[PDB]
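Structure record follows, encoded as structure tokens.
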Amino acid sequence: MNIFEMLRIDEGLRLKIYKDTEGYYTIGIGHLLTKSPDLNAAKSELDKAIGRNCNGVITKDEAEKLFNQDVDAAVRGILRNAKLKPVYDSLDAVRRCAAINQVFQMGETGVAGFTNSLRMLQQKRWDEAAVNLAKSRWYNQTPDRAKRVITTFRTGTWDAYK
């Protein structure tokens, strides 16, 4: 297991524009196209992302390319984030994957809400962190996925992903 296989499980792979769990146009392996309700706006974003006229459809190679860019951008974002970087750098490799997964899904706008979870993670208070992480819109809206990510943070093993 690695971050790619982990996010591939959590995000799936769809080659046609679909709506994510939040109702937003997405393609590939959880590549968010736009929060606009306008399918045409999503199609424009897709064509810009791929560099061709996709008419709402991409190849597996194209999805994996976007995924590579997206995973890279997630980690680089974490490393640029003054609140996230020290927590992330405190973690072992498996827990770092959980951090990448969480940011991939959630972005960074809600980092301040997770101040207490982040402190507990940096402190390596794993069960406490896991209890705190679950007290979230995140957990309640995507519980099965959040349970996996949280188990990963709690144990630093890949048990939740088999």
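Backbone-built Cβ (ideal geometry, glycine too); neighbour counts: all protein chains shown. Every read-out reported here was derived from the displayed coordinates using simple, explicitly stated rules and does not represent laboratory data.
Any residue in the stretch 131-141 that is more than 19 Å from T21 (Cβ to Cβ) and surrounded by 14 or more Cβ atoms within 10 Å (Cβ to Cβ)? Taking every residue of the stretch 131-141 in turn, at least one turns out to be more than 19 Å from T21 (Cβ to Cβ) and surrounded by 14 or more Cβ atoms within 10 Å (Cβ to Cβ).
Can you pull out every residue in the stretch 112-149 that is in contact (Cβ under 8 Å) with a residue 40 or more places away in the chain and within 17 Å of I100 (Cα to Cα)?
Pass one, the stretch 112-149, residues in contact (Cβ under 8 Å) with a residue 40 or more places away in the chain: 141-142, 145, 148-149.
Once the filter is applied, which keeps residues that are in contact (Cβ under 8 Å) with a residue 40 or more places away in the chain and within 17 Å of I100 (Cα to Cα), the stretch 112-149 yields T142, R145, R148, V149.
Among the residues of the stretch 23-46, just one is charged (D, E, K, R), over 26 Å from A99 (Cα atoms) and either touching a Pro at 6+ places or on another chain (Cβ under 9 Å) or loosely packed, with under 15 Cβ neighbours inside 10 Å (or both), namely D38.
In the stretch 51-65, is there at least one residue being in contact (Cβ under 8 Å) with a residue 24 or more places away in the chain and under 13 Å from the mean Cα position of the chain (by Cα)? The answer is no, given that none of the residues of the stretch 51-65 is in contact (Cβ under 8 Å) with a residue 24 or more places away in the chain and under 13 Å from the mean Cα position of the chain (by Cα). Consider the stretch 58-93 and keep the residues that are small (G, A, S) and buried (at least 19 other Cβ atoms within 10 Å of the Cβ). The one that is nearest to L46 (Cα to Cα) is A63.
Residues of the stretch 1-22 being outside any helix (DSSP H, G or I), touching a residue at least 60 places away in the same chain (Cβ under 8 Å) and closer than 23 Å to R96 by Cβ, which ones? Those that are outside any helix (DSSP H, G or I), touching a residue at least 60 places away in the same chain (Cβ under 8 Å) and closer than 23 Å to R96 by Cβ: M1, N2. The residues of the stretch 105-130 that are touching a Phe, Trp or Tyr at 6+ places or on another chain (Cβ under 7 Å) and closer than 23 Å to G23 by Cα amount to a single one, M106.
Identify, from the list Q102, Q69, the residue that is without any contact (Cβ under 8 Å) to a residue 12 or more places away in the chain, under 21 Å from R14 (Cα atoms) and in contact with a helix residue (DSSP H, G or I) (Cβ under 9 Å, 6 or more places away or on another chain).
Working: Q102 fails: without any contact (Cβ under 8 Å) to a residue 12 or more places away in the chain.
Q69 is the lone residue from the list that is without any contact (Cβ under 8 Å) to a residue 12 or more places away in the chain, under 21 Å from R14 (Cα atoms) and in contact with a helix residue (DSSP H, G or I) (Cβ under 9 Å, 6 or more places away or on another chain).
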